[PDB]
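Visitor: The structure follows.
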Amino acid sequence: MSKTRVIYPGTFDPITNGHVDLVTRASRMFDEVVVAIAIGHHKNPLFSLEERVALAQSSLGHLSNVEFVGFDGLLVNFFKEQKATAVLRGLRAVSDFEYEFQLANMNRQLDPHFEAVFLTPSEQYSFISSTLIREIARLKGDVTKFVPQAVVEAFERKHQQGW
Ligand SMILES: CC(C)(COP(=O)(O)OP(=O)(O)OC[C@H]1O[C@@H](n2cnc3c(N)ncnc32)[C@H](O)[C@@H]1O)[C@@H](O)C(=O)NCCC(=O)NCCS
Ligand SMILES: [Cl-]
Ligand SMILES: [Mg+2]
């Protein structure tokens, strides 16, 4: 009867149609969804925080219950700051499933209030990762089918500053 707030953390480098599916799905089951972009100070993304948030907003802004925020630090401290109900993650593969079980268990020890829920992607998005998309763009392949148009354009505007 209170009000539910789920955080969806990630690097979103860049956001993909995969991520869009998950946020949309999550937006139907929870009151507020926060798309939370890990800055990644000492981890070196392709797109800046500003590009990453912008492409996210461009792609999911039409959902009234979705917020977008950059963060760094310990996910559990962010979790607490945001007074969240749970963290959402997607599970694509067996390695994902194992990493995430570990992380959830660790975070529960750091904050007993912590929680993690998981969605699995529809089969149309099961093969999409950011990394794979970077690599395909990088080799002048066509990523239109896997990402929003804004992201296509953003890839062209790095191929324009050279890349
Ligand atoms: C988990 C971290 C590394 C970010 O995740 P990641 O690099 O996977 O970002 P990415 O944007 O690619 O994906 C976000 C999430 O959605 C899922 N996902 C991605 N693409 C898809 C798809 N097509 N379909 C379904 N799910 C997907 C991923 O499996 C992932 O769980 C980040 O949360 C983090 O580092 N947190 C803070 C640091 C911390 O506290 N670290 C150690 C103690 S926890
Ligand atoms: Cl990545
Ligand atoms: Mg991914």
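By convention here, the chains of the structure tokens are called A, B, ... in the order presented, each chain's residues are numbered starting at 1, and ligands are numbered starting at 1 in the order presented.
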How close does chain A get to ligand 3? List, as a Markdown table, each residue of chain A within 8 Å, its nearest atom pair and the distance in Å to one decimal, counting only C-alpha atoms and all ligand atoms.
Guide:
| residue | atom | partner | partner_atom_place_in_ligand_line | distance |
| --- | --- | --- | --- | --- |
| A:10 | CA | ligand 3 | 1 (Mg) | 8.0 |
| A:12 | CA | ligand 3 | 1 (Mg) | 7.1 |
| A:15 | CA | ligand 3 | 1 (Mg) | 7.9 |
| A:16 | CA | ligand 3 | 1 (Mg) | 7.6 |
| A:18 | CA | ligand 3 | 1 (Mg) | 7.8 |
| A:19 | CA | ligand 3 | 1 (Mg) | 7.5 |
| A:128 | CA | ligand 3 | 1 (Mg) | 6.9 |
| A:129 | CA | ligand 3 | 1 (Mg) | 3.8 |
| A:130 | CA | ligand 3 | 1 (Mg) | 4.4 |
| A:131 | CA | ligand 3 | 1 (Mg) | 6.7 |
Visitor: When DSSP works through the backbone of this structure, what residues of range 115-145 of chain A end up as helix (DSSP H, G or I), shown as a PyMOL selection string?
Guide: chain A and resi 123-125+130-138+144-145
Visitor: Residues at most 7 Å from ligand 1, using only C-alpha atoms and all ligand atoms? Could they come as a compact mmCIF listing (two decimals) with C-alpha atoms, in the first residue's frame?
Guide:
# COMPACT_ATOMS: atom_id res chain seq x y z
CA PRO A 9 21.58 0.05 -12.93
CA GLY A 10 23.94 -0.41 -15.92
CA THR A 11 26.54 1.31 -18.05
CA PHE A 12 24.13 1.64 -21.00
CA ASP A 13 26.99 2.15 -23.37
CA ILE A 15 21.37 1.59 -24.47
CA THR A 16 19.93 -1.13 -26.78
CA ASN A 17 16.46 -2.26 -27.73
CA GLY A 18 17.12 -4.99 -25.22
CA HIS A 19 17.32 -2.51 -22.35
CA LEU A 22 13.25 -4.46 -19.93
CA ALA A 38 27.03 3.95 -13.77
CA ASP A 72 28.93 6.07 -8.87
CA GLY A 73 29.96 4.33 -5.73
CA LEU A 74 28.60 1.29 -4.09
CA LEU A 75 25.22 0.22 -5.61
CA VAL A 76 23.96 -0.48 -2.05
CA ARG A 89 18.68 -6.87 -13.69
CA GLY A 90 18.23 -8.81 -16.92
CA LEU A 91 19.53 -12.33 -17.28
CA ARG A 92 20.68 -13.21 -20.79
CA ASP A 96 24.94 -13.50 -16.13
CA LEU A 103 26.12 -10.03 -6.31
CA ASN A 107 24.61 -6.94 -1.41
CA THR A 120 14.67 -12.54 -18.90
CA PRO A 121 14.56 -10.93 -22.37
CA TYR A 125 16.50 -9.33 -27.90
CA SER A 126 18.28 -12.39 -26.33
CA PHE A 127 21.48 -11.96 -28.52
CA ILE A 128 21.89 -8.21 -28.03
CA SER A 129 24.58 -6.82 -25.67
CA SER A 130 26.02 -3.28 -25.63
Visitor: Considering only C-alpha atoms and all ligand atoms, can you say which of A:153, A:135, A:81, A:98 comes closest to ligand 2?
Guide: A:135
Visitor: Please list as a list in words every residue within 7 Å of residue 84 in chain A, counting only C-alpha atoms and excluding residues in the same chain fewer than 5 positions away.
Guide: residues 5, 6, 7 and 79 of chain A
Visitor: Would you please extract all strand (DSSP E or B) residues from chain A, as assigned by DSSP on the backbone, and give them as an MDAnalysis selection string?
Guide: chainID A and resid 5:10 32:38 66:71 86:90 116:119
Visitor: Considering only C-alpha atoms, state which residue in the set A:119, A:60, A:69, A:139 is at the smallest distance from residue 39 in chain A.
Guide: A:69
Visitor: May I ask which of the residues A:23, A:114, A:132, A:8 is the closest one to ligand 2, counting only C-alpha atoms and all ligand atoms?
Guide: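 With only C-alpha atoms and all ligand atoms as the atom set, the closest residue is A:132.
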Visitor: Residue 62 in chain A: which residues within 12 Å, counting only C-alpha atoms, same-chain residues fewer than 6 positions away excluded, as a list in words?
Guide: residues 20, 23, 24, 27 and 56 of chain A
Visitor: Have a look at A:71, A:116, A:54, A:66 and name the one nearest to residue 85 in chain A; count only C-alpha atoms.
Guide: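 The closest residue to residue 85 in chain A is A:116.
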Visitor: Which one of A:94, A:137, A:117, A:1 sits closest to residue 156 in chain A if you count only C-alpha atoms?
Guide: A:137
Visitor: Can you pull out the residues contacting residue 149 in chain A? Cut-off 12 Å, using only C-alpha atoms, and skip same-chain residues under 2 positions away; I want them as a list in words.
Guide: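 The contact residues come out as residues 14, 15, 16, 17, 55, 56, 58, 59, 142, 143, 144, 145, 146, 147, 151, 152, 153, 154, 155 and 156 of chain A.
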Visitor: For the residues in the current selection, export C-alpha atoms as a PDB file, in the first residue's frame.
Guide:
ATOM      1  CA  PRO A  14      24.918   2.483 -25.360  1.00  0.00           C
ATOM      2  CA  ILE A  15      21.372   1.590 -24.470  1.00  0.00           C
ATOM      3  CA  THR A  16      19.934  -1.128 -26.779  1.00  0.00           C
ATOM      4  CA  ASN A  17      16.464  -2.259 -27.726  1.00  0.00           C
ATOM      5  CA  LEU A  55      20.163   8.426 -25.519  1.00  0.00           C
ATOM      6  CA  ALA A  56      18.364   6.746 -22.626  1.00  0.00           C
ATOM      7  CA  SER A  58      15.437  10.026 -25.900  1.00  0.00           C
ATOM      8  CA  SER A  59      14.434   6.390 -25.974  1.00  0.00           C
ATOM      9  CA  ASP A 142      24.590  -1.850 -39.410  1.00  0.00           C
ATOM     10  CA  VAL A 143      23.146  -1.700 -35.870  1.00  0.00           C
ATOM     11  CA  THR A 144      19.745  -0.227 -36.795  1.00  0.00           C
ATOM     12  CA  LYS A 145      17.777  -3.403 -35.974  1.00  0.00           C
ATOM     13  CA  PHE A 146      19.277  -3.637 -32.378  1.00  0.00           C
ATOM     14  CA  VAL A 147      19.187  -0.052 -31.052  1.00  0.00           C
ATOM     15  CA  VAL A 151      21.880   5.548 -31.016  1.00  0.00           C
ATOM     16  CA  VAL A 152      22.447   4.876 -34.704  1.00  0.00           C
ATOM     17  CA  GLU A 153      22.907   8.592 -35.256  1.00  0.00           C
ATOM     18  CA  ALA A 154      25.257   8.789 -32.231  1.00  0.00           C
ATOM     19  CA  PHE A 155      27.431   6.059 -33.707  1.00  0.00           C
ATOM     20  CA  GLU A 156      27.528   8.043 -37.051  1.00  0.00           C
TER      21      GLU A 156
END
Visitor: At what distance in Å, to one decimal, does CA of residue 63 in chain A lie from CA of residue 31 in chain A?
Guide: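 Taking CA of residue 31 in chain A as the start and CA of residue 63 in chain A as the end point, the length is 11.4 Å.
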Visitor: Which is closest to ligand 2 among A:46, A:106, A:53, A:93, if we use only C-alpha atoms and all ligand atoms?
Guide: A:46
